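*Asks:* If you scroll down you'll find the structure; I have some questions about it.
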Amino acid sequence: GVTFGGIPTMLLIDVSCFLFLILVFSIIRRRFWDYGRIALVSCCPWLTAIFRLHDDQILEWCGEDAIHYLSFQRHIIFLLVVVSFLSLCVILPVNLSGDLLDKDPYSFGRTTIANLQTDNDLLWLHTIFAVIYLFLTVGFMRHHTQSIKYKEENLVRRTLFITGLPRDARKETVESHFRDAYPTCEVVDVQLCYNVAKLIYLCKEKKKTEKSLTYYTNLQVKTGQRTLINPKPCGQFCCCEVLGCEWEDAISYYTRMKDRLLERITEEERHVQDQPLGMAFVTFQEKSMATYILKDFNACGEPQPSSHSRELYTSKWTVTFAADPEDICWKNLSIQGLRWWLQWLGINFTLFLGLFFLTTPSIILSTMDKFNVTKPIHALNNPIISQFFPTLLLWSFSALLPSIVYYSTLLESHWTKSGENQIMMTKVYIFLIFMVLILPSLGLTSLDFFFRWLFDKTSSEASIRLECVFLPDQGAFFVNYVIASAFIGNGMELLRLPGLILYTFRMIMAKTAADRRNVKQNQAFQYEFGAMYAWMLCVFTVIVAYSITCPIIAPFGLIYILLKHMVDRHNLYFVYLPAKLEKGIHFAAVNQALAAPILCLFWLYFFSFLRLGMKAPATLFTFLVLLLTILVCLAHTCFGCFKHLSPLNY
């Protein structure tokens with residue numbers, strides 16, 4: 001646009017959408033069955049509960065994982081404050097002090113690294129600031145890691161989760177082994193695991209039926225008469241008497257349902273003892289001896305046999321440090337061995353095969369156009385559904401692709417919630433870093449095209465795609481992306497429109513008023529750390545990568561992180577029941593945060609390669625910094641994934 005790269009108009013549109021979303025949420029928060037405060041049922045009260053909520057209140061009402069998440073967000077806020085100061089006060093004047101682009105005062109290109117000549121000997125300032133950004137990111141994330149570790153030392157954990165037991169072991173034999181082979185440890189109790197998933201589900205259904213029964217008994221006794229109900233999907237409505245939907249006594253119906261639940265309960269009680277899960281929860285009297293056994297097993301095989309060794313297949317065990325009882329997924333704890341791995345290689349391999357060729361909405365849409373999918377629509381339908389259907393399709397594809405990557409991890413079974421969240425964070429962040437940042441920056445549309453251009457080796461007339469990175473339209477595109485994530489993205493995260501749709505569908509498809517109450521008290525679910533970390537890290541990566549190339553994205557990134565911190569302080573309390581995950585997802589998020597300074601260094605290395613060329617001083621300096629910061633971080637990942645093998649860690 002003729003204005004500042006479309007930033008004024010797009011910012012006005014996004015802030016208007018944010019205000020409208022705030023208005024809609026303020027209207028619907030308590031009216032839509034307390035959807036905006038759904039975790040509390042499991043003068044703006046919601047707006048003043050994020051500026052008055054202390055950290056001690058959050059530590060109690062949301063867990064220590066929420067505290068770690070909010071401390072990470074606050075550290076990112078401070079880092080972005082420092083980055084915005086440095087950029088806006090040094091790099092932006094330097095970029096504006098250039099004549100390589102048009103002299104229009106209201107021009108976005110003037111505020112980019114492309115405005116400076118190759119012989120200005122001032123791109124050294126940009127490279128030095130890239131190194132400074134890397135150092136600042138490392139320092140702030142190490143401060144956050146120090147904060148996590150002080151809460152990671154005790155953990156009051158003494159239970160060890162052992163898998164690989166034969167389906168013939170007993171508590172007596174397990175205790176006999178742990179006594180005969182390790183005389184210095186005091187075993188409290190061994191809890192063999194059985195396939196208690198259907199049993200738990202039926203127990204929960206029985207409890208819900210019990211609450212419905214007591215509701216319809218208290219109501220009956222207080223009103224002096226019973227209540228008519230119509231058990232059928234969408235049976236509350238259509239008061240006209242029709243066949244199929246009949247009005248039947250509530251007390252008798254709920255009593256029959258409770259009796260059937262009880263018969264299934266006792267049948268599953270009988271049948272659950274015949275399906276051992278080949279696992280055990282051995283809890284010791286001291287974390288010292290628990291860690292001693294953990295070092296004995298996982299740190300090197302097992303160099304201490306016992307009398308009950310062959311009968312237990314001690315060499316086949318996999319002793320872990322266990323997890324919180326409420327983060328263990330007994331529903332999908334029953335898949336082991338070659339399974340969960342055939343499923344992993346059937347889910348994630350299919351996802352990789354699909355995404356490798358259809359990573360972006362652009363390539364997905366262009367495939368449809370080539371295969372004459374949009375031809376029936378675009379035959380002759382007036383200009384409206386011709387210029388608006390393709391853009392409507394691209395937004396939809398964005399959402400759907402992120403969401404499919406997400407669900408391949410809501411699948412994958414993932415025995416523990418902490419294990420599910422860490423893999424989800426890794427998969428979603430890696431996919432987003434390519435769908436959002438790398439491929440659109442380079443002008444590509446899929447990972448197949450990315451690797452075809454790379455050839456896995458520097459060859460041919462390359463380094464032309466490395467100009468779409470620094471055009472004064474890619475920078476404005478990502479500035480507008482950060483603005484949208486700041487206002488539209490955070491407004492939609494506050495509103496939770498798809499969740500509201502599903503909640504309304506569940507409520508309307510409820511048999512009775514008691515059935516409408518069990519939905520309200522069970523709608524709230526644990527906060528999706530990892531799922532939210534990946535999005536936050538993706539936007540942060542965009543901000544940092546384009547913080548020097550275009551020193552205008554920094555204030556908008558600061559605005560985005562402030563608004564996201566507010567929205568997450570709101571959602572962790574009014575919504576999103578507390579989660580008890582292992583303190584490893586936070587470390588993984590800290591490790592994945594360095595990809596943003598790494599990609600900033602990549603951007604500046606690309607610029608140096610384009611202008612000064614290979615073997616130039618600035619280019620070689622940036623390349624050396626990139627190689628060092630990647631090897632240090634890569635060796636930092638091969639350290640964590642192999643730390644338990646070191647006896648020093650124990």
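*Asks:* May I ask you to give the average projected area over all directions of the convex hull of the Cα atoms of the chain, in nm² rounded to one decimal?
*Replies:* Mean projected area of the Cα convex hull: 37.5 nm².
*Asks:* Here's another thing I want to ask about it. Loop only per DSSP, at most 15 neighbouring Cβ atoms within 10 Å: give me the trypsin sites (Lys or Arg not before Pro) in region 411-491, ordered by residue number.
*Replies:* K457
*Asks:* I would also like to ask the following. Calculate the tail of P(r) for region 33-88: the fraction of all Cα-Cα distances greater than 15 Å, expressed in %.
*Replies:* For region 33-88, the fraction of Cα-Cα distances above 15 Å is 66 percent.
*Asks:* Mind jotting down the three principal axis lengths of region 481-581 based on Cα atoms? Whole angstrom, largest first.
*Replies:* Principal extents (largest minus smallest coordinate, Cα): 59, 27, 17 Å.
*Asks:* Got a sec? Charge dipole of region 198-272, +1 on Cβ for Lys and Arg, -1 for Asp and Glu; which of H271, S252, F237 is way out at the positive end?
*Replies:* Value computed over the given set: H271.
*Asks:* Between region 365-427 and region 91-133, what is the separation of their alpha carbon centroids in Å?
*Replies:* 37 Å
*Asks:* Along Cα→Cβ, 7 Å out, is where each label goes; now give me the distance between the ones at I630 and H54 in nm to one decimal.
*Replies:* Those two pseudo-labels are separated by 4.9 nm.
*Asks:* Could you work out how far the C-alpha centroid of region 542-614 sits from that of region 474-530, in angstrom?
*Replies:* Each part's Cα centre sits 23 Å from the other's.
*Asks:* Continuing with the same structure: Taking other Cβ within 10 Å of each residue's Cβ, how do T3, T512, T145 sort, fewest first?
*Replies:* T3, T145, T512
*Asks:* Show me, for region 582-588, the HN-Hα J-couplings you get by feeding each phi into the Karplus relation (A = 6.51, B = -1.76, C = 1.60, θ = phi - 60°), rounded to Hz, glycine and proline as x.
*Replies:* 5, 7, x, 5, 5, 5, 5
*Asks:* Also: Can you work out the Karplus-derived ³J(HN,Hα) for every residue in region 302-309? Use 6.51 cos²θ - 1.76 cosθ + 1.60 with θ = phi - 60°, whole Hz, and x for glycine or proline.
*Replies:* Computed from phi, the couplings for region 302-309 are 7, x, 7, x, 8, 5, 9, 10 Hz.
*Asks:* Right, another one. Given the C-alpha centroids of region 11-62 and region 185-213, what is the distance between them in whole angstrom?
*Replies:* First find each Cα centre; the distance between them is then 35 Å.
*Asks:* Taking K643 as the anchor, which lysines have their alpha carbon closer than 25 Å to its alpha carbon, excluding any fewer than eight residues away along the same chain?
*Replies:* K149, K151, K287, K295, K316, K417, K427, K580, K583
*Asks:* List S608, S252 from most exposed to least, where exposure is judged by having the fewest other Cβ atoms within 10 Å.
*Replies:* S252, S608
*Asks:* Still on this structure: Assigning unit charges at the beta carbon (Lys, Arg +1; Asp, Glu -1) and nothing else, what dipole magnitude in debye, to the nearest 20, does region 198-272 show about its Cα centre?
*Replies:* So the magnitude is around 340 debye.
*Asks:* Checking the cross-link filter: which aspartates and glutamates have an alpha carbon closer than 19 Å to that of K258, excluding same-chain neighbours under 8 positions apart?
*Replies:* Here the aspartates and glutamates satisfying the reach criterion relative to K258 are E205, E210, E248, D249, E267, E268, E269, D515.
*Asks:* Can you give the FRET efficiency for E186 and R264, using 1/(1 + (r/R0)^6), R0 = 60 Å, r = Cβ-Cβ distance, to the nearest 0.05?
*Replies:* 0.90
*Asks:* List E267, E153 from most exposed to least, where exposure is judged by having the fewest other Cβ atoms within 10 Å.
*Replies:* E153, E267
*Asks:* For the chain, give the magnitude of the charge dipole about the Cα centre (Cβ charges: +1 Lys/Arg, -1 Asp/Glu; no others), in debye to the nearest 20.
*Replies:* 1080 debye
*Asks:* I'd like the FRET efficiency for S42 and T391, computed as 1/(1 + (r/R0)^6) with the beta carbon distance as r and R0 of 35 Å, rounded to 0.05.
*Replies:* E between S42 and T391, to the nearest 0.05, is 0.35.
*Asks:* Taking the Cα centre of the chain as the origin and placing charges on Cβ (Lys, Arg +1; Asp, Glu -1), which of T541, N480, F397 is farthest toward the positive end of the dipole?
*Replies:* Positive-end residue among those listed: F397.
*Asks:* Still on this structure, I have one more. Could you give me the percent of Cα pairs per 5 Å distance bin for region 198-272, shortest bin first, beginning at zero and ending with the bin that holds the maximum distance?
*Replies:* The distribution over region 198-272 is 3, 15, 20, 18, 17, 14, 8, 4, 1, 0, given as percents.
*Asks:* Here is a follow-up. Please work out the ratio of the alpha-carbon Rg of region 302-365 to 2.2 N^0.38 Å and round it to two decimals.
*Replies:* Normalised Cα radius of gyration, region 302-365: 1.86.
*Asks:* Next question. May I ask for the net charge around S413, where only other residues with Cβ less than 11 Å from the Cβ of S413 are counted and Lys, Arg are +1 while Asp, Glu are -1?
*Replies:* The answer is 0.
*Asks:* Could you work out how far apart the two model spin labels at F525 and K232 are, taking each label as a point 7 Å from the Cα in the direction of the beta carbon, and quote it in nm?
*Replies:* 3.1 nm
*Asks:* Taking a virtual spin label 7 Å from the Cα of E326 along the C-beta vector, which residues in region 566-601 bring their backbone nitrogen under 17 Å of it?
*Replies:* 572-583
*Asks:* Pull up all non-local amide H partners of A280: gap of 5 or more, or a different chain, and H-to-H distance under 5 Å with H placed in the peptide plane.
*Replies:* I162, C193
*Asks:* Once the dipole of the chain is set up with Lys and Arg at +1 and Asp and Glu at -1 on Cβ about the Cα centre, which of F25, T445, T163 lies farthest towards its positive end?
*Replies:* Of the candidates, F25 comes out farthest on the positive side.
Throughout, read-outs are computed from the coordinates displayed, never taken from laboratory work. Heads up, the Cβs are rebuilt from the backbone with ideal geometry, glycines too, and the neighbour counts pull from every protein chain shown.
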